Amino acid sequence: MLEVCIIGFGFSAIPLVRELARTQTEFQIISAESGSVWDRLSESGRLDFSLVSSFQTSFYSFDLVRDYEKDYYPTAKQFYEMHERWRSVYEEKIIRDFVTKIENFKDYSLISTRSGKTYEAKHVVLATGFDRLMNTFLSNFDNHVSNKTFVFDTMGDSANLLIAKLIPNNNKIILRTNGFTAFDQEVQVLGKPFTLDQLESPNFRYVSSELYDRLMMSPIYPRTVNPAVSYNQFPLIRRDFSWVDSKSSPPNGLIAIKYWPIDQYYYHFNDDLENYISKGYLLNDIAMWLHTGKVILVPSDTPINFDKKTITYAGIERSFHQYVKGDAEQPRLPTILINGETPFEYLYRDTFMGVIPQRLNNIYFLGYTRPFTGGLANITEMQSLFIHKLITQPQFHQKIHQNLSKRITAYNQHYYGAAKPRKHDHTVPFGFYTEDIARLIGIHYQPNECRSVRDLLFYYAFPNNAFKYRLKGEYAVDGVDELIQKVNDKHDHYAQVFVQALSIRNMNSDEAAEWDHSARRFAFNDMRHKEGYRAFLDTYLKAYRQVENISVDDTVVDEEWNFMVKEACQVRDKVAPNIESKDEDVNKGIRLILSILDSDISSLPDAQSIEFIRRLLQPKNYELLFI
């Protein structure tokens, strides 16, 4: 009887296959000939973009220990090459075929295939990814489209990449959305670049719900009156958040765009522009786009008839070339037959940690939990460890499964509360999930085991990347020691972010919000840092048209558009004129912490930072019931 069958092999299954090989557990892989979207994109030569997530969050620990020198954003080419490299290692263990049906019994499943071969396995893992409407626009994108108008009903990373590729051919873009949360992918902290996933310090949730919420929620909720922030200059960017019924912030179910702010784009790529664009580093600054009117926001019920293909905003009847519906992603699940008769219904919320379904035996889901920020790698590595331990250690299997039904109800209570299931339930803060899985496995850190102030920085401020949990214990990876050292030395041990929590502990929601924005450049959607880069933008667009061999006439003026922009940017052209502390508070906080770094916490004497730093040994909201 085959012990483990893995269905689908692309990116998600890679670390589970590694653990099964390591323990010499018996496994076969079934994966389709056709491959993934990355195989589509490679074939048609469209691996010409970059990830919206950092190296440290996007490649697995066993690759990072060998290949990390600095923080950067990998290209689509680099991500693919890394899938392919791992595919080559395991190809001989992969049966090329398509699973059409799984019949699940008490201690085995019967797997049926397109070819007609059947397989019996005790443990089955699905790692099949998602179908995405948007993949076709992307995989079959026509660059000859010039001077046309596009309407998008949804803003996601996929829409944002399409927009990046359209604007250089002077294609005009209308968003007819109920708003969107967007973040600068890279940010300046007193002159050093941090990826947004380095500043989330998630373990501070354990000190209190209320404190973590102040740290994180101001750039997402409309909590500041500061007229520099995109969501005051362009209020139609704001979303309905009435659905949220959870004290856990940022809530599960919140999706965001990650984009290159033009300033950071400038700092990295200005000196070799054509070369960078051709590797896949594309300017996708949605906030620059609103500021320059190259995109505009129109309310979600604006007038448009799909028959004549027109949208009507002001008194211009605007001919549009295409409507883009909205990226829906549903798991590529085969038919699963409960007891071999009753079709299993997939619902993220009715699985434990996105992995363990109810009513099925020895079936696990790998790759169907989405990170709010950072790459999938953080989520799939910890899932691979979770599933590996469940499969190879019957003790662990029993413990989790014993009260699985209550675990799921406790989890849904904590993270979703009473809110109706939503299509984005599968979206979790990465540094919550990695840590949740760490505590179920038992490869977590105990805060009470922190000795020095250094140790408190590691526990609270050092990101909860999967590799953070592979330094020691059951799933230790060699090299992580060195890796953590390099990351610490390049990021001043994450003191800056640790000092953030200190600065806002005594503040309230409103105070915290305005402090977050009292910087010269606040982290996210600072509209003071756009106008300066209008000339670089024109140089960028020129450089893009050179790499993509495009000719377009800028001497040709679409008048119709300019008038539409004026109406969109009204609140902006009124609120932006009223422009003209965090910087100083971090400055002196970092100096204080970089001095008492090796100081014993218990030793610390009875300003009030001190008392709070000592209570970090006994956080009062450590309780997670679903564990």
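Don't overthink the numbering: it's just position in the shown sequence, from 1.
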item	value
Continuity check for residue 580 and residue 581, given as deposited residues lacking coordinates between them	4 to 9
Size class of the missing deposited segment between residue 606 and residue 607	10 or more
Mean Cα B-factor comparison, 27 to 35 or 589 to 597, giving the higher one as deposited	589 to 597
Residue stretch of maximal mean CA temperature factor, 261 to 269 vs 420 to 428	420 to 428
Residue with maximal Cα B-factor (values as given in the PDB entry) among 470, 389, 308, 291	308
Member of 247, 172, 444, 114 with the greatest C-alpha B factor (per the PDB record)	247
Record-listed C-alpha B factor of residue 562: chain third	middle
Third assignment of residue 131 from its chain's C-alpha B-factors	middle
Where the record places residue 549 (Cα B-factor, split into thirds across the chain)	highest
Chain third (lowest, middle, highest) by recorded CA B-factor, residue given as residue 67	middle
Third of the chain, ranked by Cα B-factor, where residue 51 sits	lowest
